[PDB]
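Student: After the structure tokens below, expect a handful of questions from me.
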Amino acid sequence: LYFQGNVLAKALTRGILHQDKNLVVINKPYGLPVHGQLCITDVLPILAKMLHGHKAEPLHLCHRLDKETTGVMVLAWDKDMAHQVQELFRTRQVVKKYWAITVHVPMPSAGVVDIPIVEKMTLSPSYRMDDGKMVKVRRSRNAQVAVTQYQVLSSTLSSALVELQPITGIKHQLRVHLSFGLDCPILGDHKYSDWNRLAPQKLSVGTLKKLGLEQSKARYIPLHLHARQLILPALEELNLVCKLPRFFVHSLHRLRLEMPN
Ligand SMILES: [Ca+2]
Ligand SMILES: [Cl-]
Ligand SMILES: [Cl-]
Ligand SMILES: [Cl-]
């Protein structure tokens with residue numbers, strides 16, 4: 001993996017968003033996993049030496065992003081600083097903002113989805129439906145508290161650009177809260193769309209026409225979930241923002257969504 005790792009590390013250097021004595025902030029590309037297949041962990045030693053020379057020890061992970069998420073990712077030079085940043089995340093002191101394109105427009109256009117999640121991720125609500133009536137189900141012992149704030153930034157009648165702030169940090173919470181809580185799955189979320197994890201996301205004739213795609217190609221549409229911003233408390237605040245990927249910019253334009261003012 002070294003040849004490929006070197007090339008990837010150089011690519012990451014070209015996209016660095018912020019550098020100081022403590023941190024290196026990268027723009028994680030689409031499809032790159034954090035852990036192992038080339039992954040971020042494979043290039044931590046390489047990127048370190050690329051930035052600080054042959055004596056440099058590896059950079060350290062401070063938090064994780066999923067494979068199909070893009071954008072802001074903080075690395076640290078020092079292990080103790082990595083631990084400090086990890087603790088900021090654990091204790092909910094970091095503002096995490098994501099941008100997503102959704103199929104359908106959330107109603108209400110701003111709010112908070114607070115339904116717990118159980119881990120294969122699903123919602124775990126207070127009631128069950130039997131033969132059209134509600135039956136109270138005792139809270140599952142493995143349900144995890146999950147809270148996502150959201151705000152529509154731009155919308156058509158059929159698509160939205162949505163700002164998301166996961167307050168908690170539960171696996172796939174943004175995707176599950178949008179799809180199952182709001183019936184507004186993220187564009188490209190084949191796994192969490194149409195109650196069939198094996199089937200490609202179903203898109204309307206009009207949405208396909210805007211995108212310039214036939215339904216047979218919908219399966220190749222990537223997830224549209226970007227880690228847009230992180231605000232870290234002082235290690236004054238560090239306010240990190242990452243440009244959208246070109247593919248996401250393209251989809252926004254095709255879907256007639258606007259950037260916020
Ligand atoms: Ca599906
Ligand atoms: Cl998610
Ligand atoms: Cl659609
Ligand atoms: Cl941008």
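In the structure tokens, the first chain shown is A, the next is B, and so on; residue numbers restart at 1 for each chain, and ligands run from 1 in the order shown.
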Counting only C-alpha atoms and all ligand atoms, what residues are within 6 Å of ligand 1, given as a list in words?
Tutor: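 These are the residues that qualify: residues 190, 191, 192, 193, 194, 196, 197, 198, 199, 200 and 201 of chain A.
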Student: Per DSSP on the backbone, what are the alpha helix (DSSP H) residues of segment 16-237 of chain A, as a ChimeraX atom specification?
Tutor: /A:40-52,79-90,173-176,182,205-211
Student: Quick one: write out the picked residues with N, CA and C atoms as a JSON list (two decimals), in the first residue's frame?
Tutor:
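Below you can see out_13.json, which holds the result:
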```json
[["chain", "number", "residue", "atom", "x", "y", "z"],
["A", 40, "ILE", "N", -7.25, 6.06, 6.09],
["A", 40, "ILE", "CA", -6.54, 7.18, 6.69],
["A", 40, "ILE", "C", -5.42, 6.69, 7.61],
["A", 41, "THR", "N", -5.72, 5.68, 8.43],
["A", 41, "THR", "CA", -4.70, 5.21, 9.38],
["A", 41, "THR", "C", -3.41, 4.77, 8.67],
["A", 42, "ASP", "N", -3.52, 4.20, 7.47],
["A", 42, "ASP", "CA", -2.35, 3.77, 6.69],
["A", 42, "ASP", "C", -1.44, 4.93, 6.33],
["A", 43, "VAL", "N", -2.00, 6.13, 6.13],
["A", 43, "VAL", "CA", -1.21, 7.30, 5.71],
["A", 43, "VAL", "C", -0.81, 8.26, 6.83],
["A", 44, "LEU", "N", -1.24, 8.00, 8.07],
["A", 44, "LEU", "CA", -0.82, 8.87, 9.17],
["A", 44, "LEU", "C", 0.72, 8.97, 9.32],
["A", 45, "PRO", "N", 1.46, 7.83, 9.19],
["A", 45, "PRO", "CA", 2.92, 7.99, 9.26],
["A", 45, "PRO", "C", 3.51, 8.77, 8.07],
["A", 46, "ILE", "N", 2.92, 8.53, 6.90],
["A", 46, "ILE", "CA", 3.39, 9.09, 5.63],
["A", 46, "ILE", "C", 3.14, 10.60, 5.60],
["A", 47, "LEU", "N", 1.91, 11.01, 5.91],
["A", 47, "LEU", "CA", 1.56, 12.42, 5.92],
["A", 47, "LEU", "C", 2.42, 13.20, 6.94],
["A", 48, "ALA", "N", 2.68, 12.57, 8.08],
["A", 48, "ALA", "CA", 3.49, 13.18, 9.12],
["A", 48, "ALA", "C", 4.89, 13.52, 8.59],
["A", 49, "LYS", "N", 5.52, 12.53, 7.94],
["A", 49, "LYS", "CA", 6.86, 12.71, 7.39],
["A", 49, "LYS", "C", 6.84, 13.68, 6.21],
["A", 50, "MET", "N", 5.76, 13.66, 5.43],
["A", 50, "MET", "CA", 5.60, 14.59, 4.33],
["A", 50, "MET", "C", 5.55, 16.04, 4.80],
["A", 51, "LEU", "N", 4.93, 16.28, 5.95],
["A", 51, "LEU", "CA", 4.78, 17.63, 6.47],
["A", 51, "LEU", "C", 5.93, 18.08, 7.38],
["A", 52, "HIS", "N", 6.50, 17.17, 8.17],
["A", 52, "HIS", "CA", 7.54, 17.52, 9.17],
["A", 52, "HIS", "C", 8.89, 16.83, 8.98],
["A", 79, "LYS", "N", 0.05, 12.80, 20.87],
["A", 79, "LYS", "CA", -0.96, 11.85, 21.35],
["A", 79, "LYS", "C", -1.84, 12.44, 22.46],
["A", 80, "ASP", "N", -1.24, 13.23, 23.34],
["A", 80, "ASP", "CA", -2.00, 13.83, 24.43],
["A", 80, "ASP", "C", -2.97, 14.87, 23.91],
["A", 81, "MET", "N", -2.56, 15.61, 22.88],
["A", 81, "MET", "CA", -3.50, 16.56, 22.24],
["A", 81, "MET", "C", -4.63, 15.82, 21.52],
["A", 82, "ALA", "N", -4.31, 14.70, 20.86],
["A", 82, "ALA", "CA", -5.35, 13.84, 20.28],
["A", 82, "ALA", "C", -6.35, 13.43, 21.34],
["A", 83, "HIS", "N", -5.85, 13.02, 22.51],
["A", 83, "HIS", "CA", -6.74, 12.64, 23.60],
["A", 83, "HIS", "C", -7.58, 13.82, 24.08],
["A", 84, "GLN", "N", -6.97, 14.99, 24.14],
["A", 84, "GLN", "CA", -7.69, 16.22, 24.54],
["A", 84, "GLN", "C", -8.85, 16.52, 23.58],
["A", 85, "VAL", "N", -8.57, 16.42, 22.29],
["A", 85, "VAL", "CA", -9.60, 16.66, 21.28],
["A", 85, "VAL", "C", -10.69, 15.59, 21.31],
["A", 86, "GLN", "N", -10.31, 14.33, 21.45],
["A", 86, "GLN", "CA", -11.25, 13.22, 21.61],
["A", 86, "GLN", "C", -12.19, 13.51, 22.79],
["A", 87, "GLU", "N", -11.63, 14.03, 23.88],
["A", 87, "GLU", "CA", -12.43, 14.36, 25.08],
["A", 87, "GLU", "C", -13.39, 15.52, 24.81],
["A", 88, "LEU", "N", -12.98, 16.51, 24.02],
["A", 88, "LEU", "CA", -13.90, 17.56, 23.60],
["A", 88, "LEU", "C", -15.09, 16.99, 22.84],
["A", 89, "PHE", "N", -14.86, 16.02, 21.95],
["A", 89, "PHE", "CA", -15.97, 15.38, 21.26],
["A", 89, "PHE", "C", -16.84, 14.57, 22.21],
["A", 90, "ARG", "N", -16.21, 13.76, 23.07],
["A", 90, "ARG", "CA", -16.96, 12.90, 24.02],
["A", 90, "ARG", "C", -17.90, 13.71, 24.89],
["A", 173, "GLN", "N", -26.39, 8.23, 12.66],
["A", 173, "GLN", "CA", -27.55, 8.91, 13.19],
["A", 173, "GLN", "C", -28.16, 9.91, 12.22],
["A", 174, "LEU", "N", -27.35, 10.66, 11.48],
["A", 174, "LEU", "CA", -27.91, 11.64, 10.53],
["A", 174, "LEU", "C", -28.73, 10.97, 9.44],
["A", 175, "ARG", "N", -28.19, 9.89, 8.90],
["A", 175, "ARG", "CA", -28.87, 9.14, 7.86],
["A", 175, "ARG", "C", -30.15, 8.51, 8.33],
["A", 176, "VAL", "N", -30.11, 7.91, 9.51],
["A", 176, "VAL", "CA", -31.28, 7.21, 10.08],
["A", 176, "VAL", "C", -32.33, 8.23, 10.52],
["A", 182, "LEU", "N", -37.79, 11.67, 9.34],
["A", 182, "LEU", "CA", -38.40, 12.70, 8.50],
["A", 182, "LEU", "C", -38.89, 12.24, 7.13],
["A", 205, "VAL", "N", -39.22, 10.62, -11.63],
["A", 205, "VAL", "CA", -38.91, 10.96, -13.00],
["A", 205, "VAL", "C", -38.32, 12.36, -13.12],
["A", 206, "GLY", "N", -38.89, 13.33, -12.40],
["A", 206, "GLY", "CA", -38.43, 14.72, -12.46],
["A", 206, "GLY", "C", -37.04, 14.93, -11.87],
["A", 207, "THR", "N", -36.77, 14.22, -10.77],
["A", 207, "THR", "CA", -35.45, 14.29, -10.10],
["A", 207, "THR", "C", -34.41, 13.63, -11.00],
["A", 208, "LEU", "N", -34.74, 12.47, -11.54],
["A", 208, "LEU", "CA", -33.82, 11.85, -12.51],
["A", 208, "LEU", "C", -33.52, 12.75, -13.71],
["A", 209, "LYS", "N", -34.55, 13.42, -14.23],
["A", 209, "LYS", "CA", -34.37, 14.32, -15.36],
["A", 209, "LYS", "C", -33.49, 15.52, -15.01],
["A", 210, "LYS", "N", -33.70, 16.11, -13.84],
["A", 210, "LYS", "CA", -32.81, 17.19, -13.35],
["A", 210, "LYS", "C", -31.35, 16.73, -13.25],
["A", 211, "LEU", "N", -31.17, 15.53, -12.70],
["A", 211, "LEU", "CA", -29.83, 14.98, -12.54],
["A", 211, "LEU", "C", -29.20, 14.49, -13.83]]
```
Student: As a PyMOL selection string, please: every residue in segment 61-205 of chain A that a backbone DSSP assignment puts in strand (DSSP E or B).
Tutor: chain A and resi 61+69-76+95-103+110-113+117-118+122-123+127-130+133-136+144+148-155+159-166+186
Student: Mind dumping the selected residues with C-alpha atoms as a PDB file, in the first residue's frame?
Tutor:
```
ATOM      1  CA  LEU A  61      -6.734  10.551  14.881  1.00  0.00           C
ATOM      2  CA  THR A  69     -18.740  11.304   4.328  1.00  0.00           C
ATOM      3  CA  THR A  70     -16.524  14.072   3.027  1.00  0.00           C
ATOM      4  CA  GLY A  71     -14.909  17.077   4.632  1.00  0.00           C
ATOM      5  CA  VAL A  72     -13.469  18.391   7.866  1.00  0.00           C
ATOM      6  CA  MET A  73     -11.229  15.970   9.751  1.00  0.00           C
ATOM      7  CA  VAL A  74      -8.862  16.989  12.566  1.00  0.00           C
ATOM      8  CA  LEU A  75      -5.540  15.226  13.155  1.00  0.00           C
ATOM      9  CA  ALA A  76      -3.021  15.984  15.920  1.00  0.00           C
ATOM     10  CA  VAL A  95     -20.105  22.086  17.258  1.00  0.00           C
ATOM     11  CA  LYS A  96     -20.360  19.639  14.310  1.00  0.00           C
ATOM     12  CA  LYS A  97     -22.272  20.875  11.214  1.00  0.00           C
ATOM     13  CA  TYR A  98     -23.034  18.710   8.189  1.00  0.00           C
ATOM     14  CA  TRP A  99     -24.667  19.541   4.890  1.00  0.00           C
ATOM     15  CA  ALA A 100     -26.799  17.004   3.039  1.00  0.00           C
ATOM     16  CA  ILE A 101     -29.032  16.917   0.000  1.00  0.00           C
ATOM     17  CA  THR A 102     -32.279  15.161   0.779  1.00  0.00           C
ATOM     18  CA  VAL A 103     -34.919  13.589  -1.344  1.00  0.00           C
ATOM     19  CA  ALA A 110     -36.322  23.269  11.064  1.00  0.00           C
ATOM     20  CA  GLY A 111     -36.408  21.174  14.204  1.00  0.00           C
ATOM     21  CA  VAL A 112     -34.884  18.291  16.113  1.00  0.00           C
ATOM     22  CA  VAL A 113     -35.164  14.498  15.709  1.00  0.00           C
ATOM     23  CA  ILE A 117     -31.320   4.468  17.845  1.00  0.00           C
ATOM     24  CA  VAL A 118     -30.595   0.761  18.364  1.00  0.00           C
ATOM     25  CA  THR A 122     -32.949   1.466  13.290  1.00  0.00           C
ATOM     26  CA  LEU A 123     -35.125   3.783  15.394  1.00  0.00           C
ATOM     27  CA  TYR A 127     -44.773   2.941  20.762  1.00  0.00           C
ATOM     28  CA  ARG A 128     -45.392   0.103  18.296  1.00  0.00           C
ATOM     29  CA  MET A 129     -48.214  -0.157  15.703  1.00  0.00           C
ATOM     30  CA  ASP A 130     -50.448  -3.249  15.875  1.00  0.00           C
ATOM     31  CA  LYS A 133     -53.399   1.204  16.969  1.00  0.00           C
ATOM     32  CA  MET A 134     -50.475   2.284  19.174  1.00  0.00           C
ATOM     33  CA  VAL A 135     -49.097   0.000  21.849  1.00  0.00           C
ATOM     34  CA  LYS A 136     -46.523   1.212  24.352  1.00  0.00           C
ATOM     35  CA  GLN A 144     -28.879   4.835  22.496  1.00  0.00           C
ATOM     36  CA  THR A 148     -30.017  15.692  15.575  1.00  0.00           C
ATOM     37  CA  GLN A 149     -30.850  19.362  15.028  1.00  0.00           C
ATOM     38  CA  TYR A 150     -31.726  20.317  11.450  1.00  0.00           C
ATOM     39  CA  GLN A 151     -32.489  23.346   9.338  1.00  0.00           C
ATOM     40  CA  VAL A 152     -33.422  23.471   5.681  1.00  0.00           C
ATOM     41  CA  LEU A 153     -31.109  25.963   3.905  1.00  0.00           C
ATOM     42  CA  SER A 154     -32.621  25.731   0.420  1.00  0.00           C
ATOM     43  CA  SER A 155     -35.490  23.793  -1.116  1.00  0.00           C
ATOM     44  CA  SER A 159     -35.293  18.350  -2.859  1.00  0.00           C
ATOM     45  CA  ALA A 160     -33.576  20.145  -0.017  1.00  0.00           C
ATOM     46  CA  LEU A 161     -30.135  21.290   1.121  1.00  0.00           C
ATOM     47  CA  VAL A 162     -30.213  20.643   4.868  1.00  0.00           C
ATOM     48  CA  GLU A 163     -27.829  21.694   7.651  1.00  0.00           C
ATOM     49  CA  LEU A 164     -27.539  19.025  10.342  1.00  0.00           C
ATOM     50  CA  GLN A 165     -26.010  19.169  13.787  1.00  0.00           C
ATOM     51  CA  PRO A 166     -25.700  15.811  15.500  1.00  0.00           C
ATOM     52  CA  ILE A 186     -30.089  11.688   1.828  1.00  0.00           C
TER      53      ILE A 186
END
```
Student: Write out as number ranges by chain which residues come within 7 Å of residue 168 of chain A when counting only C-alpha atoms, dropping same-chain ones fewer than 2 positions away.
Tutor: A: 146-147, 166, 170
Student: Have a look at atom CA of residue 94 of chain A and atom CA of residue 238 of chain A and let me know their distance in Å, one decimal.
Tutor: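 Taking atom CA of residue 94 of chain A and atom CA of residue 238 of chain A, their separation equals 9.9 Å.
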Student: Quick one: everything within 12 Å of residue 31 of chain A, counting only C-alpha atoms, minus sequence neighbours fewer than 5 positions away in the same chain. Send it as a list in words.
Tutor: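 The filter keeps residues 37, 38, 39, 40, 65, 66, 67, 68, 69, 70, 71, 222, 223, 224, 225 and 226 of chain A.
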Student: For C-alpha atoms, I'd like the residues from the last selection saved as a short mmCIF file (atom, residue, chain, number, x, y, z; two decimals), in the first residue's frame.
Tutor:
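File part-v3.cif, as written:
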```
data_model
loop_
_atom_site.label_atom_id
_atom_site.label_comp_id
_atom_site.auth_asym_id
_atom_site.auth_seq_id
_atom_site.Cartn_x
_atom_site.Cartn_y
_atom_site.Cartn_z
CA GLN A 37 -7.90 -1.36 1.48
CA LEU A 38 -6.18 2.03 1.77
CA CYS A 39 -7.43 4.07 4.74
CA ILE A 40 -6.54 7.18 6.69
CA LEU A 65 -15.94 10.22 9.78
CA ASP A 66 -17.69 7.48 7.83
CA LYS A 67 -16.37 6.29 4.48
CA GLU A 68 -19.01 8.05 2.38
CA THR A 69 -18.74 11.30 4.33
CA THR A 70 -16.52 14.07 3.03
CA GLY A 71 -14.91 17.08 4.63
CA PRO A 222 -22.89 8.67 -4.19
CA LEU A 223 -24.11 9.65 -0.75
CA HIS A 224 -24.35 13.46 -0.39
CA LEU A 225 -23.22 14.01 3.23
CA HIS A 226 -20.49 16.58 3.91
#
```
Student: Closest to residue 104 of chain A among A:234, A:8, A:178, A:1, using only C-alpha atoms?
Tutor: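 Smallest separation from residue 104 of chain A among the options: A:178.
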